[PDB]
Asks: 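Take this structure first; my questions come after.
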Amino acid sequence: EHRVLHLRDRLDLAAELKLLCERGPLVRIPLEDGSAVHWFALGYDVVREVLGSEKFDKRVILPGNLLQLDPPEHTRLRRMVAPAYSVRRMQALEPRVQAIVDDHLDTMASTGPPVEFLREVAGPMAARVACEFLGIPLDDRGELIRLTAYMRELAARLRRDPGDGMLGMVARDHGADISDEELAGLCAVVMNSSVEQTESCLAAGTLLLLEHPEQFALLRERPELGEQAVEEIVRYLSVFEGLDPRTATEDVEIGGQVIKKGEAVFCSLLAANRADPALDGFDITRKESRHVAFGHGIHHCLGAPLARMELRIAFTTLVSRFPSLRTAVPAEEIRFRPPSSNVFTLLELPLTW
Ligand code: HEM
């Protein structure tokens with residue numbers, strides 16, 4: 001439901017969604033059947049207010065899925081996996097991620113144009129980086145990726161002999177405290193939803209840079225803009241458009257209005273990142289980005305350090321190795337997935353150079 005929160009015009013907001021945002025950053029939505037009262041959180045500040053509040057849970061209205069947990073059990077599991085995303089860990093991983101990116105751009109430059117960038121480059125790249133971060137053994141990566149019992153069997157086996165990566169760390173440091181199913185669940189979230197979001201950022205972000213050739217070249221002239229460019233790209237794309245509802249556990253005042261106990265709040269990251277026409281233009285020279293593309297609060301994207309590193313490496317290397325890159329069809333013909341709660345993405349991206 002609430003399909004209006006996902007209406008777009010290519011990468012931008014649809015007029016119907018812009019009109020909704022004019023009703024304020026916090027919109028009360030009583031259901032027509034009188035079964036519940038829902039809320040739309042559409043503004044940057046209000047979305048952060050909701051997501052930072054302790055007075056909401058993620059009740060429904062799979063083991064190892066942090067998004068389906070509330071404190072204290074959410075805290076318990078997240079604290080065990082968080083060290084895998086430390087700065088020290090990303091620094092040690094960076095050169096290997098660079099090499100994986102180079103592997104896939106090697107394949108791309110050798111196949112010669114054209115290429116379907118989503119299936120042939122972005123997808124495999126994201127899945128291979130995920131395998132490296134997780135520490136998947138080499139002989140299991142091909143099958144694990146093809147699959148996008150096996151997971152439980154894989155998790156139990158790697159749990160017996162801890163290796164490298166996040167999965168080895170967790171099992172090595174929290175062997176008895178995490179089960180096979182929970183480990184498998186941590187792996188699945190990384191290999192499934194996470195790759196979907198990352199691959200979409202890679203493909204749609206490449207399209208976004210191609211539609212702004214001045215900045216495509218600027219990122220090549222000044223690769224130090226990579227970190228800034230990533231923040232602007234994830235803000236502009238908002239591939240994770242809307243969040244699971246947050247239900248108020250008690251009466252709480254948000255954005256000047258009282259959200260009653262039991263009412264559900266739907267945060268629109270898309271609206272929060274894009275509704276403000278001031279400072280909405282795509283501009284990678286912006287030194288600081290105002291966005292909630294990775295969420296906020298206790299459920300803030302645990303993989304943001306990896307996503308930010310991988311995307312920086314990918315975009316900077318791409319613009320450098322393919323200065324002549326261009327869409328093989330007019331940009332206006334690219335197909336985007338119709339409105340849905342699923343990750344936002346294009347369906348294919350034919351490129352040549
Ligand atoms: C490297 C790949 C990624 C991995 C492994 C990853 C893993 C996660 C995990 C495990 C959570 C749940 C945290 C919790 O509930 O405590 C999470 C939350 C989130 N991730 Fe990431 N993520 C990754 C890349 C992204 C990307 C590319 C985006 C979009 C730009 C993204 C947008 C989010 C959002 C919006 C949430 C919060 C959902 C909510 O609060 O309801 N993630 N991510």
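Residues: numbered from 1 along the sequence shown.
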Asks: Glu181 and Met151: side chain to side chain contact (heavy atoms under 4.5 Å, CB included), yes or no, with the steps?
Replies: CA-CA 8 Å; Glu181 306 279 352; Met151 296 293 290; over 6 Å; no

Asks: Could you check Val265 against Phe40 for side chain to side chain contact (heavy atoms under 4.5 Å, CB included), going step by step and ending with a plain yes or no?
Replies: CA-CA 6 Å; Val265 183; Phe40 293 166; over 6 Å; no

Asks: In terms of relative ring orientation, are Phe294 and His300 parallel, tilted or perpendicular, with 30° and 60° separating the classes?
Replies: tilted

Asks: Is the backbone of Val189 close enough, under 3.5 Å, to the side chain of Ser193 for a donor and an acceptor to pair up by distance?
Replies: yes

Asks: Measuring from atom CG of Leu167 to atom CG of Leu158, what distance do you get when rounded to the nearest 0.5 angstrom?
Replies: 6.5 Å

Asks: May I ask you to decide whether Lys55 forms a salt bridge with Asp251, counting only side-chain N to carboxylate O separations under 4.0 Å?
Replies: no

Asks: Between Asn192 (side chain) and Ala188 (backbone), is there a donor-acceptor pair under 3.5 Å?
Replies: yes

Asks: Output yes when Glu332 and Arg10 qualify as a salt bridge under the 4.0 Å nitrogen-oxygen rule, no when they do not.
Replies: no

Asks: Side chain to side chain donor-acceptor pair (under 3.5 Å) between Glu263 and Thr247: does it pass, once the steps are laid out?
Replies: CA-CA 5 Å; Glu263 296 182 342; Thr247 297; over 6 Å; no

Asks: Going by heavy atoms in the side chains, are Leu243 and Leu269 under 4.5 Å from each other?
Replies: yes

Asks: Answer yes or no: does atom CZ of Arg141 have more than 12 heavy-atom neighbours from other residues, nucleotides or ligands under 6.0 Å?
Replies: yes

Asks: Are the side chain of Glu116 and the backbone N or O of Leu349 linked by a donor-acceptor pair below 3.5 Å?
Replies: yes

Asks: Testing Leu270, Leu5, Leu7 one by one against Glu241 for a side chain to side chain contact (heavy atoms under 4.5 Å, CB included), which residue passes?
Replies: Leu270

Asks: How many angstroms lie between atom NE2 of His104 and atom CG of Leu202, to the nearest 0.5 angstrom?
Replies: 10.5 Å

Asks: Can you tell me how the ring of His38 sits relative to the ring of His2, calling it parallel under 30°, perpendicular over 60° and tilted otherwise?
Replies: perpendicular

Asks: Answer yes or no: does atom CD of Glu153 have more than 12 heavy-atom neighbours from other residues, nucleotides or ligands under 6.0 Å?
Replies: yes

Asks: Got a donor-acceptor contact below 3.5 angstrom from the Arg88 side chain to the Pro83 backbone?
Replies: no

Asks: CD/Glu221 to CD/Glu214 distance, rounded to the nearest 0.5 angstrom?
Replies: 9.0 Å

Asks: Using modelled atom types only, decide if a donor and an acceptor are shared between the side chain of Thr111 and the backbone of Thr107 within a distance under 3.5 Å.
Replies: yes

Asks: Over all heavy atoms of both residues, which pair between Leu347 and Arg119 is shortest? Give the atoms and the distance, please.
Replies: O-NH1, 2.9 Å

Asks: Taking only residues two or more places apart in sequence, or in another chain, which ones meet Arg286 in a side-chain hydrogen bond (donor to acceptor under 3.5 Å, both in side chains)?
Replies: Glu232

Asks: Can you find a pair of side-chain heavy atoms, one from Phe216 and one from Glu211, that are under 4.5 Å apart?
Replies: no

Asks: Taking 4.0 angstrom as the limit, do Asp102 and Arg321 come out as a salt bridge?
Replies: yes

Asks: Any side-chain to backbone donor/acceptor pair from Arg159 onto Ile178? Under 3.5 Å, distance only.
Replies: yes

Asks: Could you walk me through whether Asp12 and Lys18 pass salt bridge (charged side-chain N to carboxylate O under 4.0 Å, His left out), step by step?
Replies: CA-CA 10 Å; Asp12 301 325; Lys18 287 178 173 177; over 6 Å; no

Asks: Taking the side chain as C-beta and beyond, is there a heavy-atom pair between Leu26 and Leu42 under 4.5 Å?
Replies: no

Asks: Does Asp164 come within less than 4.0 Å of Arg96, counting only side-chain N to carboxylate O?
Replies: yes

Asks: So, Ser238 versus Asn273: side-chain donor-acceptor pair below 3.5 Å or not?
Replies: yes

Asks: Can a donor-acceptor pair be found between the side chains of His291 and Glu231 at a distance below 3.5 Å?
Replies: yes

Asks: Given side chain to side chain contact (heavy atoms under 4.5 Å, CB included), test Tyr236 with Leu11 step by step and report yes or no.
Replies: CA-CA 8 Å; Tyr236 203 90; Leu11 300 174; 4.1 Å; yes

Asks: Donor-acceptor check, side chain of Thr198 to backbone of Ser194, threshold 3.5 angstrom: yes or no?
Replies: yes

Asks: Between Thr327 (side chain) and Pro330 (backbone), is there a donor-acceptor pair under 3.5 Å?
Replies: no

Asks: So which heavy atom on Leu144 is nearest to which on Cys187, and how close?
Replies: CD2-SG, 4.5 Å

Asks: Give, for atom CD of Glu132 and atom CG of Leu93, the distance between the pair rounded to the nearest 0.5 Å.
Replies: 6.5 Å

Asks: Tell me whether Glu143 at atom CD has more than 12 heavy atoms from other residues, nucleotides or ligands lying less than 6.0 Å away.
Replies: yes

Asks: List the steps, then state whether ring-ring contact (aromatic ring centres under 6.0 Å, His included) holds for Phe133 with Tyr85.
Replies: CA-CA 9 Å; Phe133 167 75; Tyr85 302 85; 4.7 Å; yes

Asks: Check whether any side-chain heavy atom of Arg308 sits under 4.5 Å from a side-chain heavy atom of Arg312, and report yes or no.
Replies: no

Asks: About how many Å separate CD of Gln228 and CG of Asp283, when rounded to the nearest 0.5 Å?
Replies: 9.0 Å

Asks: How about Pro245 and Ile61: do any of their side-chain heavy atoms sit closer than 4.5 Å?
Replies: yes

Asks: Does any part of the side chain of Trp39, heavy atoms only, come nearer than 4.5 Å to the side chain of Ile29, both counted from C-beta?
Replies: no

Asks: Whether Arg59 and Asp70 form a salt bridge (side-chain N of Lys/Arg under 4.0 Å from carboxylate O of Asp/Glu) is what I want to check.
Replies: no

Asks: Would you name the heavy atoms of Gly43 and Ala272 that are closest together and state the gap between them?
Replies: C-CB, 3.8 Å

Asks: Let's go through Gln68 and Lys58 carefully: what are the C-alpha distance in whole Å and the side-chain angles of both, what is the deciding distance for side chain to side chain contact (heavy atoms under 4.5 Å, CB included) to 0.1 Å, and is it a yes or a no?
Replies: CA-CA 7 Å; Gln68 299 177 348; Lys58 289 186 86 284; 5.6 Å; no

Asks: Does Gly295 offer a backbone N or O that forms a donor-acceptor pair with the side chain of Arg48 under 3.5 Å?
Replies: no

Asks: Supply the atom-to-atom distance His74 NE2 to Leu67 CG, rounded to the nearest 0.5 angstrom.
Replies: 7.5 Å

Asks: Do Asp280 and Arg274 meet the salt-bridge criterion of a basic N to acidic O distance under 4.0 Å?
Replies: yes

Asks: State, to 0.1 Å, how close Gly123 and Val195 come at their nearest heavy-atom pair, and which atoms those are.
Replies: O-CG1, 4.4 Å

Asks: Quick test of your reading of the model: are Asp180 and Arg152 salt-bridged, counting only N-O distances below 4.0 Å?
Replies: no

Asks: Quick one: closest heavy-atom pair of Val252 and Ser53, and the distance?
Replies: CG2-OG, 4.4 Å

Asks: Any chance you could lay out the salt bridge (charged side-chain N to carboxylate O under 4.0 Å, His left out) test for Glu310 and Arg128, step after step, and finish with the verdict?
Replies: CA-CA 11 Å; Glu310 181 181 356; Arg128 285 283 166 174; over 6 Å; no

Asks: Using every non-hydrogen atom in the two residues, find where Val47 and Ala41 come nearest and quote the distance to one decimal.
Replies: CG2-O, 3.3 Å

Asks: Are any side-chain N or O atoms of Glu250 and backbone N or O atoms of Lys261, one a donor and one an acceptor, separated by less than 3.5 Å?
Replies: no

Asks: Check for me whether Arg8 meets the cation-pi criterion with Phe344, that is, NZ or CZ under 6.0 Å from the six-membered ring centre and within 45 degrees of the ring axis.
Replies: yes

Asks: For the CD atom on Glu227, are there more than 12 heavy atoms of other groups (residues, nucleotides or ligands in this structure) within a distance under 6.0 Å?
Replies: no

